[PDB]
Amino acid sequence: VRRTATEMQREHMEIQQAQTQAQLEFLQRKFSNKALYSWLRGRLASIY
Amino acid sequence: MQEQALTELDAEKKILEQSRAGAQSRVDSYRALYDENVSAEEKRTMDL
C-alpha cells in the first residue's frame with residue numbers, strides 16, 4: 001500500500017512537471033512576453 | 001493521495017492486529033501451562 005501511494009506521489013510530481021511546462025509555454029507564447037518588451041524598449045530608446 | 005495515505009492506516013491496523021493475536025495466543029498458552037501447575041503424572045512421579 002505504501003508503494004502504491006509513492007507511485008501516486010510520483011504521478012503527482014509528474015503532473016506538476018507537466019504544469020510547470022505549461023506555464024513556461026504560456027509565458028513564451030503570450031503576447032506581452034520578454035521579446036515584445038525588448039523590441040519596444042529598443043525602439044523607444046532609439047526614438048528617445 | 002490522501003485516500004491512499006488513509007488506507008495505509010487500515011494496513012497498519014492489520015499489522016498491529018496480527019501482533020495482538022500473536023501475543024494473545026502466547027498468553028493463552030502460558031496461562032494454561034501456569035494453571036495446570038504439575039500434570040496429573042508429575043504428581044504420580046512424586047508419589048512414586
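Counting only residues that are of a type in the set (D, E, K, R) and either within 14 Å of chain A (Cβ to nearest Cβ) or within 17 Å of the chain's Cα centre (by Cα) (or both), the stretch B:11-44 holds 9 of them. On the given criteria, is B:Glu8 more than 14 Å from chain A (Cβ to nearest Cβ) and either part of a helix (DSSP H, G or I) or hydrophobic (A, V, I, L, M, F, W, C) (or both)? No; evaluated as a whole, the condition is false for this residue. As a summary of the residue check, A:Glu7 satisfies the conditions (1) among the acidic types (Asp, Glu); (2) over 30 Å from B:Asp10 (Cβ atoms); (3) within 14 Å of chain B (Cβ to nearest Cβ) except for the one numbered (2).
I'm trying to understand the selection: among the residues of the stretch A:15-30, which are more than 13 Å from chain B (Cβ to nearest Cβ), part of a helix (DSSP H, G or I) and of a type outside the set (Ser, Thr, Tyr)? Talk me through it step by step, then tell me what you get.
Narrowing the stretch A:15-30 to residues more than 13 Å from chain B (Cβ to nearest Cβ): A:17-30.
If we keep only those that are part of a helix (DSSP H, G or I) as well, we get A:17-29.
A:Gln17, A:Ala18, A:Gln19, A:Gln21, A:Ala22, A:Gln23, A:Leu24, A:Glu25, A:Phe26, A:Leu27, A:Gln28, A:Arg29 - these are the residues of the stretch A:15-30 that are more than 13 Å from chain B (Cβ to nearest Cβ), part of a helix (DSSP H, G or I) and of a type outside the set (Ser, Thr, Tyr).
Given the structure, is A:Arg43 away from chain B (no Cβ under 11 Å), charged (D, E, K, R) and part of a helix (DSSP H, G or I)? Judged against the criteria, A:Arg43 is a match.
We did not get these values from a lab; they are worked out from the coordinates using the rules stated. Every residue, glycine among them, receives a Cβ derived from its backbone with ideal geometry; neighbour counts consider all protein chains shown.
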